[PDB]
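Results of the structural survey
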Amino acid sequence: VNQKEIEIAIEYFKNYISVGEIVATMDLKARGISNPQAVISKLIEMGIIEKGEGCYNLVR
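Residues numbered from 1 in each chain as written, not as in the entry; some residues may be left out. Heavy atoms only, no water. Residues with missing side-chain atoms left out of burial classes, pairs and counts.

In terms of determination method and resolution, the entry is listed under X-ray crystallography at 1.351 Å.

What follows is the structure in structure tokens.
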């Protein structure tokens, strides 16, 4: 996973806070991330976000 893409995704979730999975995928693709699922999964590992039921939430 590319580090610039990680930073792009972190800034996205910092702004949106709680995002449905399909929206997040489309929005990250628009921001130039060809494989958002890999970047999302990395952010979950890092503890930046966590998954609900089809939603991603920024950890406070």
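In a regular helix each residue adds 1.5 Å, so 14 residues correspond to 20 Å; helix α1 (residues 3-16) covers 20 Å between its end C-alpha atoms and thus fits that length. Among all positions of α1, only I6, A9, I10, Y12 and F13 are buried. The buried residues of α1 occupy one face: seen down the axis, they fall within an arc of 160 degrees. Every exposed residue of α1 that faces more than 90 degrees away from the buried side is listed here: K4 and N15. You can read the cap of α1 off the contacts: a side-chain oxygen lies 3.1 Å from the backbone nitrogen of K4, and it is on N2. At the exit of α1 stands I17, carrying a positive phi of roughly 75 degrees. (Helix = DSSP H or I, 4+ residues; strand = E, 2+ residues; numbered from the N terminus. Expected span 1.5 Å × (residues − 1). Buried < 20%, exposed > 50% of the residue type's maximum accessible area, 1.4 Å probe, protein only. Arc of directions from axis to C-beta. Polar contact = N/O pair within 3.5 Å; in protein donor to acceptor, adjacent residues only side chain to side chain.)

Attention now moves to the nonpolar core. Counting 14 residues, the largest nonpolar core has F13, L28 and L43 as the members making the most contacts within it. Elements with a contribution of two residues or more to this core: α1, α2 (21-30) and α3 (36-46). If you tally residues by element for this core, the top one is α1, at five residues. For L43, the residues in contact, after removing those within four places along its chain, are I6, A9, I10, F13, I48 and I49. (Core = buried A, V, L, I, M, F, W, Y, C linked by side-chain atoms within 4.5 Å. Contact = heavy atoms within 4.5 Å.)

Glancing now at the packing of aromatic side chains. Overall, the coordinates contain three aromatic pairs when judged by the stated rule. Judged by centre distance (5.1 Å) and plane angle (75 degrees), the rings of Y12 and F13 are edge-to-face. In this pair, the class of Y12 matches that of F13, namely buried. Between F13 and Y56 the ring centres are 6.2 Å apart and the planes differ by 75 degrees, which places this aromatic pair in the edge-to-face class. Of this pair, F13 sits in helix α1 while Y56 sits in strand β3 (residues 55-58), placing them 43 residues apart in sequence. (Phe/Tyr/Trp six-rings, centres within 6.5 Å; stacked < 30°, edge-to-face > 60°.)

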